[PDB]
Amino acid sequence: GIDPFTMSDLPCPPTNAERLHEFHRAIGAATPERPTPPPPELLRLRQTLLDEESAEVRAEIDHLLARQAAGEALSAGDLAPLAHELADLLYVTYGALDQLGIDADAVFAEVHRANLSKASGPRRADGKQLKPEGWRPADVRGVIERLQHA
């Protein structure tokens, strides 16, 4: 029940995943709330966008590396194109999850849990990260199942 005294501006920004949902509504493509098997044309589209942005990211990394090989000292400002493309890559990665009706935050949270837990393990003498006692793998199947009934 909201009222004349209510604050409408939320005190926390939408997530990047929430931004994609808003973007898809804007382009007239309002996407599902729950995991939804896609037609093949949607899967081809998503793969095309990933390949495009991944190719742009690789070109910016290559360009920075070529300049370092030539003896150049990079500046913070030199990173803008790489930063821009890494963000474009997040955009189309989130974009794919959103078009699948899969909440990207819920899946990321489960991956993160497993990765963070693995980070609490010891290192092998050569530096390789080992798993700690009690380690449990990411259960993304369980996450997709929950999302279908939440």
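Under this definition, the rigid core comprises the largest set of C-alpha atoms superposing within 1.5 Å between the forms. From 1 onward, residues are counted along the sequence shown.
Superposing the other copies on the rigid core and comparing 134 to 142 to 19 to 27, farther C-alpha placement in 4 other deposited structures of this protein marks 134 to 142. Taking the rigid core as the alignment reference, the C-alpha atoms of 65 to 73 lie farther on average from the displayed form in 4 other deposited structures of this protein than those of the other stretch among 81 to 89 and 65 to 73.
Residue 43, present in the displayed chain, carries coordinates in each of the other PDB entries compared that cover both sides of it, far from a third leaving it out. For the cut-off of one third of the other compared entries, residue 13 stays well clear, since all of them model it along with its flanks. Mean CA B-factor, 111 to 119 versus 41 to 49: the higher value falls on 111 to 119. As recorded in the PDB entry, 26 to 34 is the stretch of 26 to 34 and 94 to 102 with the greater mean C-alpha temperature factor.
The PDB entry assigns residue 67 a C-alpha temperature factor belonging to the middle third of its chain's modelled residues. In this PDB entry, the Cα temperature factor of residue 131 sits in the bottom third of its chain's modelled residues, the lowest group.
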